[PDB]
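A.B. asks: Structure file input01.cif (mmCIF, N, CA, C and O atoms) is given on the next line.
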data_coords
#
loop_
_atom_site.label_atom_id
_atom_site.label_comp_id
_atom_site.auth_asym_id
_atom_site.auth_seq_id
_atom_site.Cartn_x
_atom_site.Cartn_y
_atom_site.Cartn_z
N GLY T 1 0.81 -1.21 0.00
CA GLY T 1 0.00 0.00 0.00
C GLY T 1 0.84 1.26 0.00
O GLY T 1 1.99 1.25 0.45
N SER T 2 0.27 2.35 -0.50
CA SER T 2 0.98 3.62 -0.56
C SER T 2 0.73 4.44 0.70
O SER T 2 -0.35 5.00 0.89
N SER T 3 1.75 4.51 1.56
CA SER T 3 1.64 5.26 2.80
C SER T 3 2.25 6.65 2.66
O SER T 3 3.39 6.80 2.22
N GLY T 4 1.47 7.67 3.02
CA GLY T 4 1.95 9.04 2.92
C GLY T 4 0.84 10.02 2.60
O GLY T 4 -0.06 9.71 1.82
N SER T 5 0.91 11.20 3.19
CA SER T 5 -0.10 12.23 2.97
C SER T 5 0.08 12.88 1.60
O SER T 5 1.07 13.57 1.36
N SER T 6 -0.88 12.66 0.71
CA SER T 6 -0.83 13.22 -0.63
C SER T 6 -2.17 13.81 -1.03
O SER T 6 -2.64 13.64 -2.15
N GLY T 7 -2.80 14.52 -0.09
CA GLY T 7 -4.08 15.14 -0.36
C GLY T 7 -3.97 16.36 -1.25
O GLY T 7 -2.95 17.05 -1.26
N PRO T 8 -5.03 16.63 -2.02
CA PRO T 8 -5.07 17.78 -2.94
C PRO T 8 -5.14 19.11 -2.19
O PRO T 8 -6.12 19.39 -1.50
N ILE T 9 -4.10 19.92 -2.34
CA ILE T 9 -4.05 21.22 -1.69
C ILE T 9 -5.29 22.05 -2.00
O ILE T 9 -5.47 22.51 -3.13
N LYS T 10 -6.14 22.24 -1.00
CA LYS T 10 -7.36 23.01 -1.17
C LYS T 10 -7.10 24.29 -1.95
O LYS T 10 -5.99 24.84 -1.92
N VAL T 11 -8.11 24.76 -2.67
CA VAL T 11 -7.99 25.98 -3.46
C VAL T 11 -7.62 27.17 -2.59
O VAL T 11 -8.19 27.37 -1.52
N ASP T 12 -6.66 27.97 -3.05
CA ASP T 12 -6.22 29.14 -2.32
C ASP T 12 -6.14 30.36 -3.23
O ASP T 12 -5.16 31.10 -3.22
N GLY T 13 -7.19 30.57 -4.02
CA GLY T 13 -7.22 31.70 -4.94
C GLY T 13 -6.05 31.69 -5.91
O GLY T 13 -5.86 30.72 -6.65
N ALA T 14 -5.28 32.76 -5.91
CA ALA T 14 -4.13 32.87 -6.80
C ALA T 14 -2.86 33.22 -6.02
O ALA T 14 -2.07 34.06 -6.45
N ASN T 15 -2.68 32.56 -4.88
CA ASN T 15 -1.51 32.80 -4.04
C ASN T 15 -0.79 31.49 -3.72
O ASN T 15 -1.17 30.77 -2.80
N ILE T 16 0.24 31.18 -4.50
CA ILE T 16 1.01 29.95 -4.30
C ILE T 16 2.21 30.21 -3.40
O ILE T 16 2.99 31.13 -3.64
N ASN T 17 2.36 29.37 -2.38
CA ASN T 17 3.48 29.51 -1.45
C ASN T 17 4.60 28.53 -1.80
O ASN T 17 4.50 27.33 -1.52
N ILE T 18 5.66 29.05 -2.41
CA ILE T 18 6.80 28.23 -2.79
C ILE T 18 7.76 28.03 -1.62
O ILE T 18 8.14 28.99 -0.96
N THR T 19 8.14 26.78 -1.38
CA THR T 19 9.05 26.46 -0.29
C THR T 19 10.22 25.61 -0.79
O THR T 19 10.12 24.93 -1.81
N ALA T 20 11.33 25.67 -0.07
CA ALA T 20 12.52 24.91 -0.43
C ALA T 20 12.17 23.47 -0.78
O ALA T 20 12.78 22.86 -1.66
N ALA T 21 11.18 22.92 -0.08
CA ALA T 21 10.74 21.55 -0.32
C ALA T 21 10.53 21.29 -1.81
O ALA T 21 10.78 20.19 -2.30
N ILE T 22 10.06 22.31 -2.52
CA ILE T 22 9.81 22.19 -3.95
C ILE T 22 10.93 21.41 -4.64
O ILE T 22 10.67 20.61 -5.54
N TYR T 23 12.16 21.63 -4.20
CA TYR T 23 13.31 20.94 -4.77
C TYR T 23 13.21 19.44 -4.55
O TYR T 23 13.40 18.65 -5.48
N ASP T 24 12.92 19.05 -3.31
CA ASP T 24 12.79 17.64 -2.97
C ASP T 24 11.72 16.96 -3.82
O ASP T 24 11.97 15.92 -4.43
N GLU T 25 10.54 17.56 -3.86
CA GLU T 25 9.43 17.02 -4.63
C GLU T 25 9.86 16.73 -6.07
O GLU T 25 9.44 15.74 -6.67
N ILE T 26 10.70 17.60 -6.61
CA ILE T 26 11.19 17.44 -7.98
C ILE T 26 12.09 16.21 -8.10
O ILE T 26 12.06 15.50 -9.10
N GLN T 27 12.90 15.97 -7.06
CA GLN T 27 13.80 14.83 -7.05
C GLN T 27 13.03 13.52 -7.09
O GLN T 27 13.32 12.64 -7.91
N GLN T 28 12.05 13.39 -6.21
CA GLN T 28 11.23 12.18 -6.14
C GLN T 28 10.35 12.05 -7.38
O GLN T 28 10.33 11.00 -8.02
N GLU T 29 9.64 13.12 -7.71
CA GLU T 29 8.76 13.12 -8.87
C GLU T 29 9.43 12.44 -10.06
O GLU T 29 8.79 11.68 -10.79
N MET T 30 10.71 12.71 -10.25
CA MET T 30 11.47 12.13 -11.35
C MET T 30 11.53 10.61 -11.21
O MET T 30 11.21 9.88 -12.15
N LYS T 31 11.95 10.14 -10.04
CA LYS T 31 12.05 8.71 -9.79
C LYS T 31 10.67 8.05 -9.79
O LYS T 31 10.54 6.86 -10.05
N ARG T 32 9.65 8.84 -9.49
CA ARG T 32 8.28 8.34 -9.45
C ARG T 32 7.68 8.29 -10.85
O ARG T 32 6.93 7.38 -11.18
N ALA T 33 8.03 9.28 -11.68
CA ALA T 33 7.53 9.34 -13.04
C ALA T 33 8.47 8.63 -14.01
O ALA T 33 8.13 8.39 -15.16
N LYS T 34 9.66 8.30 -13.52
CA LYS T 34 10.66 7.62 -14.34
C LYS T 34 11.20 8.54 -15.42
O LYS T 34 11.35 8.15 -16.58
N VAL T 35 11.50 9.78 -15.04
CA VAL T 35 12.03 10.76 -15.97
C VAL T 35 13.34 11.35 -15.47
O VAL T 35 13.80 11.02 -14.37
N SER T 36 13.94 12.23 -16.27
CA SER T 36 15.21 12.86 -15.90
C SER T 36 15.00 14.35 -15.62
O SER T 36 13.96 14.92 -15.94
N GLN T 37 16.01 14.97 -15.01
CA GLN T 37 15.94 16.39 -14.68
C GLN T 37 15.62 17.22 -15.92
O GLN T 37 14.95 18.25 -15.83
N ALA T 38 16.09 16.76 -17.07
CA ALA T 38 15.84 17.46 -18.33
C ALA T 38 14.37 17.38 -18.72
O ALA T 38 13.77 18.39 -19.10
N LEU T 39 13.80 16.19 -18.63
CA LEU T 39 12.40 15.98 -18.98
C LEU T 39 11.49 16.75 -18.03
O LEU T 39 10.76 17.65 -18.45
N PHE T 40 11.53 16.39 -16.75
CA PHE T 40 10.70 17.05 -15.75
C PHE T 40 10.79 18.57 -15.88
O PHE T 40 9.79 19.27 -15.74
N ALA T 41 11.99 19.06 -16.15
CA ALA T 41 12.21 20.49 -16.30
C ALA T 41 11.74 20.98 -17.67
O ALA T 41 11.48 22.17 -17.86
N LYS T 42 11.63 20.05 -18.62
CA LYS T 42 11.19 20.39 -19.96
C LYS T 42 9.67 20.41 -20.05
O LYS T 42 9.09 21.09 -20.90
N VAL T 43 9.02 19.66 -19.16
CA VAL T 43 7.56 19.60 -19.13
C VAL T 43 7.00 20.46 -18.00
O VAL T 43 5.82 20.81 -18.01
N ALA T 44 7.85 20.80 -17.04
CA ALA T 44 7.43 21.62 -15.91
C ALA T 44 7.65 23.10 -16.19
O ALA T 44 6.70 23.87 -16.27
N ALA T 45 8.92 23.49 -16.35
CA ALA T 45 9.26 24.87 -16.63
C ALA T 45 9.67 25.06 -18.08
O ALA T 45 9.83 26.18 -18.56
N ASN T 46 9.83 23.94 -18.79
CA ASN T 46 10.22 23.98 -20.20
C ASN T 46 11.65 24.51 -20.35
O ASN T 46 11.99 25.11 -21.37
N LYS T 47 12.47 24.29 -19.33
CA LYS T 47 13.86 24.74 -19.35
C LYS T 47 14.80 23.58 -19.68
O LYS T 47 14.36 22.46 -19.92
N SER T 48 16.10 23.87 -19.70
CA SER T 48 17.10 22.86 -20.00
C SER T 48 17.61 22.20 -18.73
O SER T 48 17.75 22.85 -17.69
N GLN T 49 17.89 20.90 -18.81
CA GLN T 49 18.38 20.15 -17.66
C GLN T 49 19.27 21.03 -16.78
O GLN T 49 19.01 21.20 -15.59
N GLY T 50 20.32 21.58 -17.38
CA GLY T 50 21.23 22.43 -16.63
C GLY T 50 20.51 23.35 -15.67
O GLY T 50 20.93 23.51 -14.52
N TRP T 51 19.42 23.96 -16.13
CA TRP T 51 18.64 24.86 -15.29
C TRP T 51 18.02 24.12 -14.12
O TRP T 51 17.88 24.68 -13.03
N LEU T 52 17.65 22.87 -14.34
CA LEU T 52 17.05 22.05 -13.30
C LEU T 52 18.11 21.49 -12.36
O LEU T 52 18.06 21.71 -11.15
N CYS T 53 19.07 20.76 -12.92
CA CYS T 53 20.15 20.17 -12.14
C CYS T 53 20.65 21.15 -11.08
O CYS T 53 20.74 20.81 -9.90
N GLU T 54 20.97 22.36 -11.51
CA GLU T 54 21.46 23.39 -10.60
C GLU T 54 20.52 23.56 -9.41
O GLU T 54 20.93 23.47 -8.25
N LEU T 55 19.24 23.81 -9.70
CA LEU T 55 18.24 24.00 -8.66
C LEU T 55 18.41 22.96 -7.55
O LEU T 55 18.36 23.29 -6.36
N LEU T 56 18.63 21.71 -7.94
CA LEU T 56 18.81 20.63 -6.98
C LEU T 56 20.19 20.69 -6.34
O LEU T 56 20.40 20.19 -5.24
N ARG T 57 21.13 21.32 -7.05
CA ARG T 57 22.50 21.45 -6.55
C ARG T 57 22.59 22.56 -5.51
O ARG T 57 22.97 22.32 -4.36
N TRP T 58 22.25 23.78 -5.92
CA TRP T 58 22.30 24.93 -5.02
C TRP T 58 21.11 24.92 -4.06
O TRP T 58 21.26 25.18 -2.87
N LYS T 59 19.93 24.62 -4.60
CA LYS T 59 18.71 24.58 -3.79
C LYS T 59 18.49 25.91 -3.08
O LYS T 59 18.05 25.94 -1.93
N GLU T 60 18.80 27.01 -3.76
CA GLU T 60 18.63 28.34 -3.19
C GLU T 60 17.26 28.48 -2.53
O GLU T 60 16.28 27.87 -2.97
N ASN T 61 17.20 29.27 -1.47
CA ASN T 61 15.95 29.49 -0.75
C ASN T 61 14.96 30.29 -1.60
O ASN T 61 15.20 31.44 -1.95
N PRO T 62 13.83 29.66 -1.94
CA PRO T 62 12.78 30.29 -2.75
C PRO T 62 12.06 31.40 -1.99
O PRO T 62 11.80 31.29 -0.80
N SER T 63 11.73 32.47 -2.71
CA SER T 63 11.04 33.61 -2.11
C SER T 63 10.33 34.44 -3.17
O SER T 63 10.69 34.42 -4.35
N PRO T 64 9.31 35.19 -2.75
CA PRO T 64 8.53 36.05 -3.65
C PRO T 64 9.33 37.25 -4.15
O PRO T 64 8.83 38.06 -4.92
N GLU T 65 10.58 37.35 -3.70
CA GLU T 65 11.45 38.44 -4.10
C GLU T 65 12.18 38.11 -5.40
O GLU T 65 12.33 38.96 -6.28
N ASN T 66 12.65 36.87 -5.51
CA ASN T 66 13.37 36.43 -6.69
C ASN T 66 12.40 36.09 -7.82
O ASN T 66 11.68 35.09 -7.75
N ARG T 67 12.39 36.92 -8.86
CA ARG T 67 11.51 36.70 -10.00
C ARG T 67 11.97 35.50 -10.82
O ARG T 67 11.29 34.47 -10.86
N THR T 68 13.12 35.63 -11.46
CA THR T 68 13.66 34.55 -12.28
C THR T 68 13.51 33.20 -11.59
O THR T 68 13.34 32.17 -12.24
N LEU T 69 13.56 33.21 -10.26
CA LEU T 69 13.43 31.99 -9.48
C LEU T 69 11.96 31.71 -9.15
O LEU T 69 11.38 30.75 -9.64
N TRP T 70 11.37 32.57 -8.32
CA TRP T 70 9.98 32.41 -7.93
C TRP T 70 9.11 32.09 -9.14
O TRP T 70 8.31 31.16 -9.11
N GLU T 71 9.26 32.88 -10.20
CA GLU T 71 8.49 32.67 -11.42
C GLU T 71 8.55 31.21 -11.86
O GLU T 71 7.54 30.51 -11.84
N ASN T 72 9.73 30.77 -12.27
CA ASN T 72 9.92 29.40 -12.72
C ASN T 72 9.40 28.41 -11.68
O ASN T 72 8.60 27.53 -11.99
N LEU T 73 9.87 28.56 -10.45
CA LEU T 73 9.46 27.68 -9.36
C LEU T 73 7.94 27.68 -9.21
O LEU T 73 7.36 26.72 -8.69
N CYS T 74 7.30 28.75 -9.66
CA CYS T 74 5.85 28.87 -9.58
C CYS T 74 5.17 27.91 -10.54
O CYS T 74 4.21 27.22 -10.17
N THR T 75 5.66 27.86 -11.77
CA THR T 75 5.10 26.98 -12.79
C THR T 75 5.35 25.51 -12.45
O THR T 75 4.51 24.65 -12.72
N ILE T 76 6.51 25.24 -11.85
CA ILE T 76 6.87 23.88 -11.47
C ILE T 76 6.06 23.41 -10.26
O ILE T 76 5.82 22.22 -10.09
N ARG T 77 5.64 24.36 -9.43
CA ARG T 77 4.86 24.05 -8.24
C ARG T 77 3.47 23.57 -8.62
O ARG T 77 2.91 22.68 -7.97
N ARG T 78 2.90 24.16 -9.67
CA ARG T 78 1.57 23.80 -10.13
C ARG T 78 1.58 22.41 -10.77
O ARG T 78 0.59 21.67 -10.69
N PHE T 79 2.70 22.06 -11.40
CA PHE T 79 2.83 20.77 -12.05
C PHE T 79 2.71 19.63 -11.04
O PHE T 79 1.92 18.70 -11.22
N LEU T 80 3.50 19.71 -9.98
CA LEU T 80 3.49 18.69 -8.93
C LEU T 80 2.10 18.56 -8.32
O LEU T 80 1.70 17.48 -7.87
N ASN T 81 1.36 19.67 -8.30
CA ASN T 81 0.01 19.68 -7.74
C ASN T 81 -0.91 18.76 -8.53
O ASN T 81 -1.98 18.37 -8.05
N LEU T 82 -0.50 18.41 -9.74
CA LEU T 82 -1.29 17.53 -10.59
C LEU T 82 -1.27 16.09 -10.07
O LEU T 82 -0.34 15.67 -9.39
N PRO T 83 -2.33 15.33 -10.39
CA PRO T 83 -2.46 13.94 -9.96
C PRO T 83 -1.46 13.02 -10.66
O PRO T 83 -1.10 13.24 -11.82
N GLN T 84 -1.01 11.99 -9.95
CA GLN T 84 -0.05 11.04 -10.51
C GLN T 84 -0.44 10.64 -11.92
O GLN T 84 0.39 10.59 -12.82
N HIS T 85 -1.73 10.34 -12.11
CA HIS T 85 -2.23 9.93 -13.42
C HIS T 85 -1.97 11.02 -14.46
O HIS T 85 -1.78 10.72 -15.64
N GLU T 86 -1.96 12.27 -14.02
CA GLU T 86 -1.73 13.40 -14.91
C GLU T 86 -0.25 13.51 -15.26
O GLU T 86 0.15 13.30 -16.41
N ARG T 87 0.57 13.85 -14.27
CA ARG T 87 2.00 13.99 -14.47
C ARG T 87 2.54 12.87 -15.36
O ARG T 87 3.31 13.12 -16.29
N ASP T 88 2.13 11.65 -15.07
CA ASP T 88 2.57 10.49 -15.85
C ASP T 88 2.22 10.66 -17.33
O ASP T 88 2.99 10.28 -18.20
N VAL T 89 1.05 11.24 -17.59
CA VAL T 89 0.60 11.46 -18.96
C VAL T 89 1.48 12.49 -19.66
O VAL T 89 1.91 12.28 -20.80
N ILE T 90 1.74 13.60 -18.99
CA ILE T 90 2.56 14.66 -19.55
C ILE T 90 3.95 14.14 -19.92
O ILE T 90 4.44 14.38 -21.02
N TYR T 91 4.58 13.43 -18.99
CA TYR T 91 5.91 12.88 -19.21
C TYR T 91 5.90 11.90 -20.38
O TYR T 91 6.77 11.93 -21.24
N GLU T 92 4.90 11.02 -20.40
CA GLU T 92 4.77 10.02 -21.46
C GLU T 92 4.60 10.70 -22.82
O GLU T 92 5.40 10.48 -23.73
N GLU T 93 3.56 11.51 -22.94
CA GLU T 93 3.28 12.21 -24.19
C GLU T 93 4.51 12.98 -24.66
O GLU T 93 4.83 12.99 -25.85
N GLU T 94 5.19 13.63 -23.72
CA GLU T 94 6.38 14.41 -24.04
C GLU T 94 7.52 13.50 -24.49
O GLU T 94 7.95 13.54 -25.64
N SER T 95 8.01 12.68 -23.56
CA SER T 95 9.10 11.76 -23.86
C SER T 95 8.60 10.32 -23.91
O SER T 95 8.52 9.64 -22.89
N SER T 96 8.27 9.86 -25.12
CA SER T 96 7.77 8.50 -25.30
C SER T 96 8.81 7.48 -24.86
O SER T 96 10.01 7.77 -24.80
N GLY T 97 8.35 6.27 -24.56
CA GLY T 97 9.26 5.22 -24.13
C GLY T 97 8.54 3.91 -23.87
O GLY T 97 7.40 3.88 -23.41
N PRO T 98 9.21 2.79 -24.18
CA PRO T 98 8.65 1.45 -23.99
C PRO T 98 8.52 1.08 -22.52
O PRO T 98 7.61 0.35 -22.13
N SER T 99 9.44 1.58 -21.70
CA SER T 99 9.43 1.30 -20.27
C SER T 99 8.05 1.57 -19.68
O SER T 99 7.63 2.72 -19.54
N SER T 100 7.35 0.50 -19.32
CA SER T 100 6.01 0.61 -18.74
C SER T 100 5.53 -0.74 -18.22
O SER T 100 5.73 -1.77 -18.85
N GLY T 101 4.89 -0.71 -17.05
CA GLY T 101 4.39 -1.94 -16.46
C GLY T 101 4.53 -1.95 -14.95
O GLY T 101 5.38 -1.25 -14.39
#
Could I get this structure in the form of structure tokens?
C.D. replies:
Amino acid sequence: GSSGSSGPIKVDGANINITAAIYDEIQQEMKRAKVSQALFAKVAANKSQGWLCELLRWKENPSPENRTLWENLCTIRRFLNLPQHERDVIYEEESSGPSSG
């Protein structure tokens, strides 16, 4: 069985709270979706692996002050909010692959 709190974040208007955790979620999401930093970053923020890899490397503290950061991290935050069935679809449609089962 799947143990862990994964409830849908109740609607909060148009105010997303980005936290350092965002980085962690990205790390697992990849292993969970079976994708790479390039893919997840290509379907999440549509950036290049390098842009993603770094995020996980430096893991700079996210804040509403940093645009280039907050902005991107904002789009990636909404992606993770999607249901497993969804994210899996985006990754698949984007980067096709036989690996499945």
A.B. asks: Write out as an NGL selection string each polymer residue whose atoms come within 8 Å of residue T:26, counting all atoms listed in the file; drop sequence neighbours fewer than 6 positions from it.
C.D. replies: :T and (20 or 32-33 or 35-37 or 40-41 or 76 or 80)
A.B. asks: List as a list in words the protein and nucleic acid residues near stretch 45-50 of chain T, meaning an atom at most 10 Å away when only C-alpha atoms are counted, but skip any in the same chain fewer than 2 places from it.
C.D. replies: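 Residues meeting the cut-off are residues 36, 37, 38, 39, 40, 41, 42, 43, 52, 53, 54, 55, 71, 72, 73, 74, 75, 76, 77 and 79 of chain T.
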A.B. asks: Using only C-alpha atoms, collect all residues at a distance of at most 12 Å from (-4.6, 29.3, -8.6) as written in the file, then present them as a CSV table (one decimal) with N, CA, C and O atoms, in the coordinates of the input.
C.D. replies:
chain,number,residue,atom,x,y,z
T,9,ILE,N,-4.1,19.9,-2.3
T,9,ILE,CA,-4.0,21.2,-1.7
T,9,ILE,C,-5.3,22.0,-2.0
T,9,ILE,O,-5.5,22.5,-3.1
T,10,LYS,N,-6.1,22.2,-1.0
T,10,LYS,CA,-7.4,23.0,-1.2
T,10,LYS,C,-7.1,24.3,-2.0
T,10,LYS,O,-6.0,24.8,-1.9
T,11,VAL,N,-8.1,24.8,-2.7
T,11,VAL,CA,-8.0,26.0,-3.5
T,11,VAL,C,-7.6,27.2,-2.6
T,11,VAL,O,-8.2,27.4,-1.5
T,12,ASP,N,-6.7,28.0,-3.0
T,12,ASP,CA,-6.2,29.1,-2.3
T,12,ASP,C,-6.1,30.4,-3.2
T,12,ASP,O,-5.2,31.1,-3.2
T,13,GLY,N,-7.2,30.6,-4.0
T,13,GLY,CA,-7.2,31.7,-4.9
T,13,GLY,C,-6.0,31.7,-5.9
T,13,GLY,O,-5.9,30.7,-6.6
T,14,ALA,N,-5.3,32.8,-5.9
T,14,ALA,CA,-4.1,32.9,-6.8
T,14,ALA,C,-2.9,33.2,-6.0
T,14,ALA,O,-2.1,34.1,-6.4
T,15,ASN,N,-2.7,32.6,-4.9
T,15,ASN,CA,-1.5,32.8,-4.0
T,15,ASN,C,-0.8,31.5,-3.7
T,15,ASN,O,-1.2,30.8,-2.8
T,16,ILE,N,0.2,31.2,-4.5
T,16,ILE,CA,1.0,30.0,-4.3
T,16,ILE,C,2.2,30.2,-3.4
T,16,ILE,O,3.0,31.1,-3.6
T,17,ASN,N,2.4,29.4,-2.4
T,17,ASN,CA,3.5,29.5,-1.4
T,17,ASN,C,4.6,28.5,-1.8
T,17,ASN,O,4.5,27.3,-1.5
T,74,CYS,N,7.3,28.8,-9.7
T,74,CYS,CA,5.8,28.9,-9.6
T,74,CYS,C,5.2,27.9,-10.5
T,74,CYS,O,4.2,27.2,-10.2
T,75,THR,N,5.7,27.9,-11.8
T,75,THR,CA,5.1,27.0,-12.8
T,75,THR,C,5.4,25.5,-12.4
T,75,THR,O,4.5,24.6,-12.7
T,77,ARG,N,5.6,24.4,-9.4
T,77,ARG,CA,4.9,24.0,-8.2
T,77,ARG,C,3.5,23.6,-8.6
T,77,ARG,O,2.9,22.7,-8.0
T,78,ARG,N,2.9,24.2,-9.7
T,78,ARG,CA,1.6,23.8,-10.1
T,78,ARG,C,1.6,22.4,-10.8
T,78,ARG,O,0.6,21.7,-10.7
T,79,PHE,N,2.7,22.1,-11.4
T,79,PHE,CA,2.8,20.8,-12.0
T,79,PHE,C,2.7,19.6,-11.0
T,79,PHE,O,1.9,18.7,-11.2
T,81,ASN,N,1.4,19.7,-8.3
T,81,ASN,CA,0.0,19.7,-7.7
T,81,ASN,C,-0.9,18.8,-8.5
T,81,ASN,O,-2.0,18.4,-8.0
A.B. asks: Give me the result of the PyMOL selection byres ((chain T and resi 23) around 8) on this file, residue by residue, as a VMD selection string.
C.D. replies: chain T and resid 19 to 22 24 to 29 52 55 to 56 59 to 60
A.B. asks: Those selected residues, please, written with N, CA, C and O atoms and delivered as a PDB file, in the coordinates of the input.
C.D. replies:
ATOM      1  N   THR T  19       8.140  26.780  -1.380  1.00  0.00           N
ATOM      2  CA  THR T  19       9.050  26.460  -0.290  1.00  0.00           C
ATOM      3  C   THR T  19      10.220  25.610  -0.790  1.00  0.00           C
ATOM      4  O   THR T  19      10.120  24.930  -1.810  1.00  0.00           O
ATOM      5  N   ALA T  20      11.330  25.670  -0.070  1.00  0.00           N
ATOM      6  CA  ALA T  20      12.520  24.910  -0.430  1.00  0.00           C
ATOM      7  C   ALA T  20      12.170  23.470  -0.780  1.00  0.00           C
ATOM      8  O   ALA T  20      12.780  22.860  -1.660  1.00  0.00           O
ATOM      9  N   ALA T  21      11.180  22.920  -0.080  1.00  0.00           N
ATOM     10  CA  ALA T  21      10.740  21.550  -0.320  1.00  0.00           C
ATOM     11  C   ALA T  21      10.530  21.290  -1.810  1.00  0.00           C
ATOM     12  O   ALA T  21      10.780  20.190  -2.300  1.00  0.00           O
ATOM     13  N   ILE T  22      10.060  22.310  -2.520  1.00  0.00           N
ATOM     14  CA  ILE T  22       9.810  22.190  -3.950  1.00  0.00           C
ATOM     15  C   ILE T  22      10.930  21.410  -4.640  1.00  0.00           C
ATOM     16  O   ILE T  22      10.670  20.610  -5.540  1.00  0.00           O
ATOM     17  N   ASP T  24      12.920  19.050  -3.310  1.00  0.00           N
ATOM     18  CA  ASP T  24      12.790  17.640  -2.970  1.00  0.00           C
ATOM     19  C   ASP T  24      11.720  16.960  -3.820  1.00  0.00           C
ATOM     20  O   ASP T  24      11.970  15.920  -4.430  1.00  0.00           O
ATOM     21  N   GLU T  25      10.540  17.560  -3.860  1.00  0.00           N
ATOM     22  CA  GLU T  25       9.430  17.020  -4.630  1.00  0.00           C
ATOM     23  C   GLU T  25       9.860  16.730  -6.070  1.00  0.00           C
ATOM     24  O   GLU T  25       9.440  15.740  -6.670  1.00  0.00           O
ATOM     25  N   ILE T  26      10.700  17.600  -6.610  1.00  0.00           N
ATOM     26  CA  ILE T  26      11.190  17.440  -7.980  1.00  0.00           C
ATOM     27  C   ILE T  26      12.090  16.210  -8.100  1.00  0.00           C
ATOM     28  O   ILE T  26      12.060  15.500  -9.100  1.00  0.00           O
ATOM     29  N   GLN T  27      12.900  15.970  -7.060  1.00  0.00           N
ATOM     30  CA  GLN T  27      13.800  14.830  -7.050  1.00  0.00           C
ATOM     31  C   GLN T  27      13.030  13.520  -7.090  1.00  0.00           C
ATOM     32  O   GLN T  27      13.320  12.640  -7.910  1.00  0.00           O
ATOM     33  N   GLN T  28      12.050  13.390  -6.210  1.00  0.00           N
ATOM     34  CA  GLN T  28      11.230  12.180  -6.140  1.00  0.00           C
ATOM     35  C   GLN T  28      10.350  12.050  -7.380  1.00  0.00           C
ATOM     36  O   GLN T  28      10.330  11.000  -8.020  1.00  0.00           O
ATOM     37  N   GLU T  29       9.640  13.120  -7.710  1.00  0.00           N
ATOM     38  CA  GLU T  29       8.760  13.120  -8.870  1.00  0.00           C
ATOM     39  C   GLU T  29       9.430  12.440 -10.060  1.00  0.00           C
ATOM     40  O   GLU T  29       8.790  11.680 -10.790  1.00  0.00           O
ATOM     41  N   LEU T  52      17.650  22.870 -14.340  1.00  0.00           N
ATOM     42  CA  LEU T  52      17.050  22.050 -13.300  1.00  0.00           C
ATOM     43  C   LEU T  52      18.110  21.490 -12.360  1.00  0.00           C
ATOM     44  O   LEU T  52      18.060  21.710 -11.150  1.00  0.00           O
ATOM     45  N   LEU T  55      19.240  23.810  -9.700  1.00  0.00           N
ATOM     46  CA  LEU T  55      18.240  24.000  -8.660  1.00  0.00           C
ATOM     47  C   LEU T  55      18.410  22.960  -7.550  1.00  0.00           C
ATOM     48  O   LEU T  55      18.360  23.290  -6.360  1.00  0.00           O
ATOM     49  N   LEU T  56      18.630  21.710  -7.940  1.00  0.00           N
ATOM     50  CA  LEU T  56      18.810  20.630  -6.980  1.00  0.00           C
ATOM     51  C   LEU T  56      20.190  20.690  -6.340  1.00  0.00           C
ATOM     52  O   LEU T  56      20.400  20.190  -5.240  1.00  0.00           O
ATOM     53  N   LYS T  59      19.930  24.620  -4.600  1.00  0.00           N
ATOM     54  CA  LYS T  59      18.710  24.580  -3.790  1.00  0.00           C
ATOM     55  C   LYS T  59      18.490  25.910  -3.080  1.00  0.00           C
ATOM     56  O   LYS T  59      18.050  25.940  -1.930  1.00  0.00           O
ATOM     57  N   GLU T  60      18.800  27.010  -3.760  1.00  0.00           N
ATOM     58  CA  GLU T  60      18.630  28.340  -3.190  1.00  0.00           C
ATOM     59  C   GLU T  60      17.260  28.480  -2.530  1.00  0.00           C
ATOM     60  O   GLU T  60      16.280  27.870  -2.970  1.00  0.00           O
TER      61      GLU T  60
END
A.B. asks: Running DSSP on the backbone, which parts of stretch 25-60 of chain T land in helix (DSSP H, G or I), as an MDAnalysis selection string?
C.D. replies: chainID T and resid 25:33 37:44 49:58
A.B. asks: Separation of atom CA of residue T:57 and atom N of residue T:70, in Å?
C.D. replies: 15.8 Å
A.B. asks: Mind pulling up the distance from atom N of residue T:31 to atom CA of residue T:58?
C.D. replies: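 A separation of 18.7 Å between them.
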